[PDB]
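In what follows, a single structure is set out as structure tokens and then discussed.
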Amino acid sequence: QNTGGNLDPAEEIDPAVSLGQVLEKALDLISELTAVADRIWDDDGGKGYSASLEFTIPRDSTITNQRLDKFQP
Amino acid sequence: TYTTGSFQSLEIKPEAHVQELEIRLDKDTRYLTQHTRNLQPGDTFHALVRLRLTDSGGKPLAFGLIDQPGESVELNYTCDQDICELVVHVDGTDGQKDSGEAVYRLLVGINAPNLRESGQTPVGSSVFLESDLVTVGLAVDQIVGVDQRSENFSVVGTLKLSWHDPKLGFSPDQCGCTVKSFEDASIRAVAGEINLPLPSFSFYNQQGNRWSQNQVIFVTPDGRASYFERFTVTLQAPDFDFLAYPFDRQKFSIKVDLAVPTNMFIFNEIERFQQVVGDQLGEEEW
Amino acid sequence: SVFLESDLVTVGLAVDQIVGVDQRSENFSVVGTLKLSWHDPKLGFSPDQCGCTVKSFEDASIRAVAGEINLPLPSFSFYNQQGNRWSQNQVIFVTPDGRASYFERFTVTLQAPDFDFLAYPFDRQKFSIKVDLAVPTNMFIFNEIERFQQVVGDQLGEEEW
Ligand SMILES: [Ca+2]
Ligand SMILES: [Ca+2]
Numbered sequence: 069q070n071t072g073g074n075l076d077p083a084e085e086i087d088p089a090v091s092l093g094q095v096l097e098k099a100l105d106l107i108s109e110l111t112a113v114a115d116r117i121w122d123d124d125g126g127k128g129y130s131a132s133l134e135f136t137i138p139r140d149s150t151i152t153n154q155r156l157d158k159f160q161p
Numbered sequence: 162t163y164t165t166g167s168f169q196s197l198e199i200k201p202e203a204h205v206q207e208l209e210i211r212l213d214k215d216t217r218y219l220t221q222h223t224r225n226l227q228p229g230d231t232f233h234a235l236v246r247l248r249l250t251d252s253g254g255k256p257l258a259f260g261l262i263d264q265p266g267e268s269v270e271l272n273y274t275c276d277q278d279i280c281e282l283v284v285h286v287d288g289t290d291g292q293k294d295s296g297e298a299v300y301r302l303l304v305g306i307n308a309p310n311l312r313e314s315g316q317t318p319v320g321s322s323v324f325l326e327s328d329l330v331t332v333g334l335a336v337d338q339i340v341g342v343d344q345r346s347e348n349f350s351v352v353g354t355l356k357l358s359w360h361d362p363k364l365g366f367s368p369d370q371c372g373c374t375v376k377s378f379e380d381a382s383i384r385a386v387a388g389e390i391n392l393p394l395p396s397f398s399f400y401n402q403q404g405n406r407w408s409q410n411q412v413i414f415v416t417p418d419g420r421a422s423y424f425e426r427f428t429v430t431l432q433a434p435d436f437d438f439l440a441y442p443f444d445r446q447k448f449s450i451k452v453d454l455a456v457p458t459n460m461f462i463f464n465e466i467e468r469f470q471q472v473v474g475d476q477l478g479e480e481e482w
Numbered sequence: 322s323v324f325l326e327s328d329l330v331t332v333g334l335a336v337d338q339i340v341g342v343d344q345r346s347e348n349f350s351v352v353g354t355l356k357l358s359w360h361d362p363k364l365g366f367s368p369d370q371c372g373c374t375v376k377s378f379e380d381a382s383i384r385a386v387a388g389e390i391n392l393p394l395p396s397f398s399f400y401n402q403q404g405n406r407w408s409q410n411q412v413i414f415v416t417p418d419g420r421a422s423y424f425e426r427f428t429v430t431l432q433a434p435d436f437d438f439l440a441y442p443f444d445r446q447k448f449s450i451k452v453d454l455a456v457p458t459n460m461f462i463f464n465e466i467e468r469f470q471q472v473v474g475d476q477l478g479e480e481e482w
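Protein chains in written order, with the deposited numbering: chain A, 69 to 77, 83 to 100, 105 to 117, 121 to 140, 149 to 161; chain B, 162 to 169, 196 to 236, 246 to 482; chain C, 322 to 482.
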């Protein structure tokens, strides 16, 4: 869900280094981001049809070139 | 006439929507962007001839896989999102170069270009969401004034825009009258009234507010709307050069710009609905 | 930085003509183009909610847009105009990243007290077009001048000035 701004919606961490590493590469990109996120969940792309998540607990934002002029993540 | 619109899943192979075109690259338009219409849940977009495919919001959706046979890059994507819009963007300038000319052709299909296998493809339907086609006609009745110290000229004339917008269509019975007319309100004001896109225009040089008379924008149920306005407008004329007065020849340039980009509306055809310059009694100054 | 620094608004101005100079009243009517450009993250939005990428408010002043959407904007003024200027093609459009820009082709009659015609016709005059911001330096400041277009236009003819 999105309220204000251009925000695009076990063990948890915040590996922001992968962001810079991907930005360093020549931006397939979605597939690599999905693989990195799986190694480290779902994303939203529209209002009213946000992608749902399936979870199973048996034991106890994203990156986009939202501008259409020049493709820059 | 056969009616189309909105009211209150078989044999999809024959209704293949696949069409192609050739493009020219030069000057600033090195980067090219194209849209597409809403698609069925099962439709898969195949792009053939870098290039990338995103949605209307710019969120990346697919890239192109480079297959050496056939040159260029081959791109393919599929989704089941129902009401959504997709965009394909191609960049031809990955590095600084002299360039100056580029010829390029593309292959585009919304379900299956493989079935059509390119070719002439007569039954293909264009899916680029092409810009609406608005014809424009202008006539000059008088040049009422020329203020040559301020370098402006006040001119009276008639203007007539005419464009086909199927989304603007309606059922004639709901209001009784066949033609739905919005009187004495500018195209921008009408677009404010009804939340729809319209080809708002401007004179690009007028100083002060022009006098709009008899202006009316009326729509036909088929969707072919037309706007008419008898204006008395004071244009600015920088091109005036009175260094050779009185033996000078001047250019009265009346420029009707569209307040919407070429993606939305473009002036297709000039309409000679009336004599471009009117003949009136008297010698007249100009 | 946690000082809530003032937003950076770049400004560009070009003069197409000096249409009039009323030297008894000491004013000059000038036509030109003005372009403000500022980044406001609070002004960002999701592109999908409205379809179009850029959200544009047409033929309405920056102050009028700030009235429409309850957000701060760098409203400006000419500080010397007498009467109402003719604003043409004025549009303020916002990019989802948040970088908004305002464009306006004005025909405005500025007042020029600095006129001193004691040496007419051998006089040199200063046409000073001063775009003030209607918000304090805490909120917005003119950071960089933008040379988007030739500052003074070259037009056919000798021209008076
Ligand atoms: Ca001139
Ligand atoms: Ca006459």
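Beta carbons are placed, not taken as given, at the ideal position from N, Cα and C, and that holds for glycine.
- Residue 436(B) has a beta carbon lying within less than 8 Å of a beta carbon in chain C.
- Across the structure, residue 301(B) and residue 204(B) are spaced so that their CA atoms are roughly 18 Å apart.
- With a beta-carbon spacing of about 7 Å, residue 456(B) and residue 393(B) fall inside the 8 Å limit used to define contacts.
- If you draw a 10 Å sphere on the C-beta of residue 443(C), you find fewer than 16 other C-beta atoms in it, and that means exposed.
- Secondary structure at residue 93(A): helix, using DSSP grouped into helix, strand and coil.
- With respect to the C-alpha of residue 401(B), the residue from 434(B), 390(B) and 382(B) having the closest C-alpha is 434(B).
- Here residue 423(B) is buried. Its C-beta has 16 or more other C-beta atoms within 10 Å.
- Residues 236 of the same chain have their beta carbon placed closer than 8 Å to that of residue 267(B), with the five preceding and five following residues left out of the count.
- Within the model, the alpha-carbon separation for residue 451(B) versus residue 384(C) is close to 29 Å.
- Below the 9 Å Cβ cutoff, chain B contributes 398, 400, 453 and 455 as neighbours of residue 410(C), in chain order.
- For residue 378(C), the pairing in a beta bridge is given by DSSP as 413(C).
- For residue 341(B), the distance from the CB to the nearest heavy atom of ligand 2 is not below 7 Å.
- DSSP links residue 86(A) through a beta bridge to no other residue.
- Within the DSSP bridge table, the entry for residue 356(C) names 333(C) and 424(C) as partners.
- The beta-carbon separation of residue 304(B) and residue 286(B), rounded to 11 Å, does not stay under the 8 Å limit for a contact.
- The stretch 208-216 of chain B and the stretch 253-263 of chain B do not touch, with fewer than three beta-carbon pairs separated by less than 8 Å.
- Burial check for residue 307(B): the Cβ neighbour count within 10 Å reaches 16 or more, so the residue is buried.
- For residue 465(B), the shortest C-beta to heavy atom distance toward ligand 1 is 7 Å or greater.
- Each of 476(B), 477(B), 478(B) and 480(B) has a C-beta closer than 6 Å to some heavy atom of ligand 2; these make up the full list, in chain order.
- With at least 16 other beta carbons inside 10 angstroms of its own, residue 280(B) counts as buried.
- Here residue 395(C) is actually not in contact with residue 349(C); their C-beta atoms are around 25 Å apart, not less than 8 Å.
- In this structure, residue 329(B) sits near residue 464(B), with a CB-CB distance shorter than 8 Å.
- Residue pairing for residue 398(B): DSSP places it in a beta bridge opposite 453(B).
- Scanning chain B for C-beta atoms nearer than 9 Å to the C-beta of residue 333(C) yields nothing, as the closest lies near 19 Å away.
- In the three-state DSSP reduction, residue 406(C) falls in the coil class, being neither helix nor strand.
- Look at residue 386(B) here: in three-state DSSP terms it is helix.
- Shown here, residue 259(B) sits in a strand according to DSSP, grouped into three states.
- Taking a Cβ-Cβ cut-off of 9 Å, the neighbours of residue 374(C) in chain B comprise 252, 253 and 254, given in sequence order.
- The three-state secondary structure of residue 167(B), taken from DSSP, is coil.
- The stretch 250-306 of chain B is shown to contain whole beta strand (DSSP E) runs of 3 or more residues at 256-261, 270-274, 282-287 and 298-305, in chain order.
- By the Cβ-count criterion, residue 370(C) is exposed, with fewer than 16 other Cβ atoms from all chains shown falling within 10 Å of its own Cβ.
- Put simply, the backbone Cα of residue 403(B) is about 58 Å away from that of residue 311(B).
- With a contact defined as Cβ atoms closer than 8 Å, residue 410(B) and residue 425(B) qualify at about 7 Å.
- Residue 432(B) holds the alpha-carbon nearest to the alpha-carbon of residue 428(C) among 284(B), 432(B) and 230(B).
- The Cβ atoms of residue 454(B) and residue 397(B) sit closer than 8 Å to each other.
- In this structure, the C-beta of residue 436(B) approaches ligand 1 to less than 7 Å from one of its heavy atoms.
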